[PDB]
Amino acid sequence: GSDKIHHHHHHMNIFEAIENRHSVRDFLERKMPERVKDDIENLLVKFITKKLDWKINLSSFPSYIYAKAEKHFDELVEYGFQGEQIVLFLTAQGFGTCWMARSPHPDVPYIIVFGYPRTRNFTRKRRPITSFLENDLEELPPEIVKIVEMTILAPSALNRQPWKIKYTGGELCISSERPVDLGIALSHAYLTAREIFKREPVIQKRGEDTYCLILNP
């Protein structure tokens with residue numbers, strides 16, 4: 001056959017990926033080559049402690065990604081943190097995603113199913129930003145308002161949005177009893193802060209259920 005070497009595609013930045021990421025259960029089948037497996041494998045992923053062993057199944061409809069994780073707090077934050085990086089990458093490639101607590105393997109916390117959306121439109125229900133924030137919204141400089149807004153758009157199991165967020169000047173801290181959801185939200189804060197400050201944020205565990213991002217290290 002014949003074809004252009006590359007047709008151009010709009011590169012969506014991190015803000016657009018977060019804003020265009022929606023949970024989709026109803027998909028098409030139009031395409032899912034090994035090329036998209038290749039694309040995922042080449043994705044540079046940030047990790048806190050250890051990089052997980054991500055697996056991609058495209059011999060099932062829907063297609064889904066997953067990895068084995070231990071049922072311990074830090075490893076599940078890792079799963080959420082790395083997993084949402086992949087979700088956002090897939091979003092930017094134009095794929096619908098949904099975090100599924102399904103798994104045919106009994107040591108996998110969630111799968112991430114993906115594919116082309118049947119539908120374009122969606123709805124986004126989130127509690128008010130002030131319900132998440134320990135600070136008065138007015139105590140936040142404009143960069144931080146943006147990071148918090150992008151963090152709140154993160155998905156969470158059953159949309160429970162289990163985050164408490166605190167800005168201290170140097171750091172943005174997210175606490176949650178739900179380690180996977182914590183990791184997911186932390187990925188949004190990390191990726192947007194990286195874009196905003198044009199530096200690599202440092203992620204540090206604080207106490208039992210909090211991770212802080214040193215924003216402009």
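Ideal geometry is used to build each Cβ from the backbone, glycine not excepted, and the neighbour counts take in all protein chains shown. Basis: the model, the stated rules and, where named, an outside source; no laboratory instrument gave them.
Considering only residues that are touching a strand residue (DSSP E or B) at 6+ places or on another chain (Cβ under 8 Å) and more than 13 Å from residue 80 (Cα to Cα), look in region 42-56 and name the one that is surrounded by the fewest Cβ atoms within 10 Å (Cβ to Cβ). Among residues in region 42-56 that are touching a strand residue (DSSP E or B) at 6+ places or on another chain (Cβ under 8 Å) and more than 13 Å from residue 80 (Cα to Cα), the one surrounded by the fewest Cβ atoms within 10 Å (Cβ to Cβ) is 55.
Residues of region 1-33 that are of a type in the set (A, V, I, L, M, F, W, C) and in contact (Cβ under 8 Å) with a residue 12 or more places away in the chain: 12, 14, 15, 17, 18, 24, 27, 28, 32.
Quick one: residue 68 ticks every box in (1) surrounded by fewer than 21 Cβ atoms within 10 Å (Cβ to Cβ); (2) assigned to a helix (DSSP H, G or I); (3) in the same structural domain as residue 11 (by CATH) bar one, so which box is it? Failed condition: (2). Looking only at residues of region 114-150 that are in contact with a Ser or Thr (Cβ under 7 Å, 6 or more places away or on another chain) and outside the structural domain of residue 184 (by CATH), we find that the one that is nearest to residue 216 (Cα to Cα) is 114. In the set (1) outside any loop (DSSP other than H, G, I, E, B); (2) farther than 17 Å from residue 88 by Cα; (3) in contact with a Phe, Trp or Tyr (Cβ under 8 Å, 6 or more places away or on another chain), residue 35 fails one condition alone, (3).
Sort out which residues of region 159-207 are acidic (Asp, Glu) and in contact with a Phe, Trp or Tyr (Cβ under 8 Å, 6 or more places away or on another chain), and write them in order of number. Matches in region 159-207: 181, 195.
List pairs: first in region 81-108 and closer than 16 Å to residue 151 by Cβ, second charged (D, E, K, R) and surrounded by fewer than 20 Cβ atoms within 10 Å (Cβ to Cβ), Cβ under 7 Å, 6+ apart or cross-chain? Once the first residue is closer than 16 Å to residue 151 by Cβ and sits in region 81-108, its partners that are charged (D, E, K, R) and surrounded by fewer than 20 Cβ atoms within 10 Å (Cβ to Cβ) give 85/46. Taking the listed residues 181, 209, the one that is under 27 Å from residue 63 (Cα atoms), not assigned by CATH to the domain that holds residue 82 and not hydroxyl-bearing (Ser, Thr, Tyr) is 181, with no other qualifying.
So that you can scan it fast, the table gives a plain yes or no per residue for (1) over 22 Å from residue 165 (Cα atoms); (2) in contact with a helix residue (DSSP H, G or I) (Cβ under 6 Å, 6 or more places away or on another chain); (3) not assigned by CATH to the domain that holds residue 144:
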| site | (1), (2), (3) |
| --- | --- |
| 56 | yes, yes, yes |
| 63 | yes, no, yes |
| 80 | no, yes, yes |
| 89 | yes, no, yes |
| 95 | yes, no, yes |
| 99 | yes, no, yes |
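Residue-level analysis places residue 47 outside the set of residues that are within 20 Å of residue 182 (Cα to Cα) and assigned by CATH to the domain that holds residue 173.
Of the residues making up region 133-141, at least one is outside any loop (DSSP other than H, G, I, E, B) and touching a strand residue (DSSP E or B) at 6+ places or on another chain (Cβ under 8 Å). The set of residues in region 159-217 being assigned to a helix (DSSP H, G or I), among the hydrophobic types (A, V, I, L, M, F, W, C) and within 18 Å of the chain's Cα centre (by Cα) consists of 180, 182, 184, 185, 186, 189, 191, 193, 196.
Just one residue in the set 151, 130 is in contact (Cβ under 8 Å) with a residue 24 or more places away in the chain, not in a strand (DSSP E or B) and not aliphatic (A, V, I, L, M); that residue is 151.
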